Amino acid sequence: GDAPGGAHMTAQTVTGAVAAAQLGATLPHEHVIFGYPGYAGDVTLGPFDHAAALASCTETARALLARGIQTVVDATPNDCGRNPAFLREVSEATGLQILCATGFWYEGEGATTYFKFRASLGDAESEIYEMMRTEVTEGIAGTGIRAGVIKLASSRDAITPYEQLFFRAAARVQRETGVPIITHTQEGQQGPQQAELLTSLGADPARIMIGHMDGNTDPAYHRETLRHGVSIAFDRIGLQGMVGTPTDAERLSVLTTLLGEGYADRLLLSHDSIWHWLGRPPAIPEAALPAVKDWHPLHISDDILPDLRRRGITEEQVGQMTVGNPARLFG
């Protein structure tokens, strides 16, 4: 139907280029490793145990491959512990394909001081544009590993001025390279605003995925976002009751409504899971356990797809969301 249009480069994963056809079933928004900004200051008591992280992550990678998932899109922002080299180790040890991102997190929780300062002194937009373009076309930190997607993120009440610098820089790189863009929306807001802003800057709706859209349970919100021609992702499936998130039952209710309205070609599914935390491992209070019980990457494969099928969603619809959509969006 609506095919990417303009410049384009084959999907770049951490181990190199992959043809769209080789992407297979894909989880479009996950984190192999992740650290909240500040975690590096807790290095003495919260060091990265490389052997342990590698063992644990390759184990999860093998479990995903067992479910037929061939690709994961790692959406970790540059300021949240992003590590392309580690991702490459995990991919070379298991065969699982992994795309990594280029971008900064939203103003509310990102490491914003640096670029705010940069912007106080000059054209921060162009500096961000140069970073993004170099990371997508040449490589990250001199490793030769390129980013396969641009990550953008906005706050709840507005796409702030700080956030807009990244959106503008991304639109420029998108027009020039065709690279896909995936986003974070905070607490179920700004989905429509992100779609309008990006398309208004000349970014291709067929290479845009508005994320955390499962954060809103009013389908009018999703239909309005979809009116822009962009794809939307219910990418925190399994995270129930944390950071304003709804329950999976509520997500599936909205999802089946949209599927029944013919939107399968614009819907994607992920967990936004963290396979290994940076800093000191999080101690989950007893009472927060059910919120995170199904928040792991085998949840959609084992619980959601079956539940969708038993509700009347077809094998074609599941294949469209999990294989066809990723192939066109990232390939």
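Numbers follow the displayed sequence, beginning with 1.
114-122 and 90-98 differ in mean CA B-factor, and the higher of the two is recorded for 114-122. Averaged over Cα atoms, the B-factor as recorded in the entry is higher for 287-295 than for the other of 38-46 and 287-295. In the deposited coordinates, the residue among 224, 79, 74, 235 with the greatest CA B-factor is 224. Residue 261: CA B factor in the lowest third of modelled residues in this chain (values from the PDB entry). When all modelled residues of the chain are sorted by CA temperature factor, residue 322 is found within the lowest third. Residue 304: CA B factor lies in the lowest third for its chain, per the PDB record. Ranked within its chain, residue 276 lands in the middle third, by CA B factor from the PDB record. In the PDB entry, residue 9 places in the highest third of its chain by CA B-factor.
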